[PDB]
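Asker: This one's experimental. Sequence and coordinates below.
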2 protein chains.
Amino acid sequence: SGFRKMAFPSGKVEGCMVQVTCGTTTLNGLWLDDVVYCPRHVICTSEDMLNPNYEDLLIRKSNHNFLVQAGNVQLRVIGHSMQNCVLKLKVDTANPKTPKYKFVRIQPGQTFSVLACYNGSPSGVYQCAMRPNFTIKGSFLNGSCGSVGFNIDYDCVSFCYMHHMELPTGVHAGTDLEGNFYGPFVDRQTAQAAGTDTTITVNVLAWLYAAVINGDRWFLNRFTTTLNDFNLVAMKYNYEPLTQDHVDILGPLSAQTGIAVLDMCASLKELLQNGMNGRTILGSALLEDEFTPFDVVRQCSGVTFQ
Amino acid sequence: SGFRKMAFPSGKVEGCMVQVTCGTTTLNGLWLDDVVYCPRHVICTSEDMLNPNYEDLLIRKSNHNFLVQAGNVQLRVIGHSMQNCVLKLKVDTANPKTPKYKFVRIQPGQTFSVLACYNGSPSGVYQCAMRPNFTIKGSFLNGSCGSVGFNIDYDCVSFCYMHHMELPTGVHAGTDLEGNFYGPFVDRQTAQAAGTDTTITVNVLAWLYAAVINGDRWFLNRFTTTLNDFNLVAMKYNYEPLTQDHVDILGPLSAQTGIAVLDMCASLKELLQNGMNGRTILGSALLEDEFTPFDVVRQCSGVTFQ
């Protein structure tokens, strides 16, 4: 037993990371088959980033202006195109380590692992959530752009995120692998408002189920509630409204524990109103929202990859 | 910027995991050169585990009684020996994916990544600390025994932990890769007391430095203290006593931030005495002790591996 914030095994993604250099800017790329995917702002200086015209900047670039290095091998660039906010560099070699993969656009509140990289080399792996306001709270220094987020399903890597920007507020913004930003963000160094963020209610409930499975039960109370009553409380505490779809996704955890979803809602309501009184749940002194119902089931049932 | 509990990239270790079966017990092994390393309790049934005589049980086993599977390849066992609490199965093939590696016995309070595995297949990676009482607070289900903990230094994997036991209290015990338990534990299903645990003070101070670097500063106060005065408070709150060795290891973070170590001690003293008043530090509502000073520097300076 026990419950940890576990990332996916990173090896299939490590084999896809490369370094991309254009003029004096270096960041990370993702090499799948004969295409390298990277943030289009690889073509910008710090000064360009204040107000970039990506079309005009890219016209000044030829195939030979992109240096792509896979460990020690230089790749030969034979094509370049811009798709939304990503560059696709066609190269003359297929990556021999390409895994089974898909490109996925995830929903707010879904989780994924980030392989943080610098100069095309991996430094670490961690699990995070796409916030309801389409930011992520990552760990990203200068040079981490082009680092990717992913999920694995047995032998298939679903790439969902490419890192582009740190907002002036210190949270992180990026794209899907088609180059479409999550949320209202642009690849420009300017003031950019993130929405009001909210807590991912269905994830907190999943994590309360994980706690019960692990024996952490002190928070279970004598009350029930309604979906409408609970949602009045969710509004006050800036929690996402719970829907029947969310109730349905929690079904298996309800079944395993014998705790009706609305009973678990009443327990959460009491924690929102009364706080935790200096107590912990699964070693946390706040309500955790970075585990999906699918994450809890995976971890509690020991699902493996290959 | 930002600060996450980051694990090492797991690919070099993924290539070393194999499945070991003896009679009707299956768990994980680690294949390095022509040796597979696994918990000796692979030779026990559930019933044997109550009071095992490992010497007598192992005598009943021959090379052909150990089934070792690397993905789909069966390995041929040509030798077996017991070293403390590990079995070393000599096999007739060197692992082509063996990384540069060492075997290290870590100190209480040091951190490492765990690759959780079932049936020789990786499920996830997470970072944890060896507790001062030589337990770990992991995520380990039935079949996870033989999963390993490690650190990476550029291209070299330092293996420090192999998982053996869940104690009746739900924390986790294991060995170094020479088969010597961390702490007083044995590979027997019996009541086993873990010591009183303590908080890893030098790690909490490292994490307060990480917070300041990231802009989380509200906890900095007007006071200083002495090593002896601080340690009186450390005793009361079950924190490890701080030594000059610990002060010296914090030197670089002191230098970077311009906050003397004893000033940061006085800030910590005030947090121990007054609590956090419903506030957070790096998104935590408790004092975090799973980052070493070396972890903070690594993460804050973007060190990479290969």
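Answerer: Yes, it's here. Residues are numbered from 1 along each chain as shown, chains lettered A, B, ... in the order given.
Asker: For residue A:274, see how far away residue A:101 is.
Answerer: 46 Å (Cβ to Cβ, to the nearest Å). The way it works is simple: take the backbone N, C-alpha and C, and place the C-beta from them, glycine included.
Asker: buried sites along the one helix or strand residue A:164 maps to?
Answerer: Per DSSP states H and E, residue A:164 falls inside strand A:156-166. Applying a neighbour-count criterion of 16 or more other Cβ atoms under 10 Å in any protein chain shown, the buried positions in strand A:156-166 are A:157-166.
Asker: follow-up on the earlier one: comparing residue A:101 and residue A:274, which residue is more hemmed in?
Answerer: Neighbours were tallied for residue A:101 and for residue A:274 using other Cβ atoms under 10 Å in any protein chain shown; the higher tally belongs to residue A:101 (20 against 10).
Asker: Once you drop chain neighbours, what's closest to the more buried one?
Answerer: residue A:157 (4.5 Å; Cβ to Cβ, 6 or more residues apart in numbering or on different chains).
Asker: tell me the contacts of the one you found?
Answerer: Contacts for residue A:157 (Cβ atoms under 8 Å, 6 or more residues apart in numbering or on different chains) come out as A:12-13, A:99-102, A:150-151.
Asker: Now tabulate those in JSON lines and tack on secondary structure.
Answerer: Output for the contacts of residue A:157, formatted as JSON lines (DSSP: H, G, I helix; E, B strand; the rest coil):
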{"residue": "A:12", "secondary structure": "helix"}
{"residue": "A:13", "secondary structure": "helix"}
{"residue": "A:99", "secondary structure": "coil"}
{"residue": "A:100", "secondary structure": "strand"}
{"residue": "A:101", "secondary structure": "strand"}
{"residue": "A:102", "secondary structure": "strand"}
{"residue": "A:150", "secondary structure": "strand"}
{"residue": "A:151", "secondary structure": "strand"}
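Asker: So residue A:234, which state does it fall into?
Answerer: Secondary structure state of residue A:234, per three-state DSSP, is helix.
Asker: where's it relative to residue A:290, distance?
Answerer: 18 Å.
Asker: These two: which is more packed in?
Answerer: Between residue A:234 and residue A:290, counted using other Cβ under 10 Å, the more crowded position is residue A:234 (21 against 17).
Asker: That one and residue A:246 touch, don't they?
Answerer: No. Look at residue A:234 against residue A:246 with Cβ atoms under 8 Å: they stay out of range, at 10.8 Å.
Asker: Any chance you could list residues touching both of these two?
Answerer: Shared contacts of residue A:234 and residue A:246, counting by Cβ under 8 Å, 6+ apart, come down to residue A:201.
Asker: Mind listing the residues bridging to the nearest residue to residue A:113 once chain neighbours are set aside?
Answerer: The shortest distance from residue A:113 to any residue other than its chain neighbours is 4.0 Å, reached at residue A:7 (Cβ to Cβ, 6+ apart). Beta-bridge partners recorded for residue A:7 (DSSP bridges): residue B:125.
Asker: what's the neighbour count on residue A:7?
Answerer: So residue A:7, with other Cβ under 10 Å, has 29 neighbours.
Asker: How about residue A:263?
Answerer: Residue A:263 sits with 17 neighbouring residues when counted by other Cβ under 10 Å.
Asker: how far is the helix or strand following the strand holding residue A:164 from where the chain is centred?
Answerer: Going down the chain from strand A:156-166, the next helix or strand is strand A:172-175, by DSSP H and E. Centroid displacement of strand A:172-175 relative to its chain, using Cα atoms, centre = their mean, to the nearest Å, is 9 Å.
Asker: try stretch A:176-190
Answerer: Stretch A:176-190 has its average C-alpha position 14 Å from the chain's average C-alpha position, going by Cα atoms, centre = their mean.
Asker: got the end-to-end distance for that stretch?
Answerer: Stretch A:176-190 has its terminal residues 21 Å apart, counting by Cα to Cα, to the nearest Å.
Asker: Which stretches in chain A count as helices?
Answerer: Secondary structure of chain A (DSSP state H): helices at A:11-14, A:54-59, A:201-214, A:227-236, A:244-249, A:251-257, A:261-274, A:293-301.
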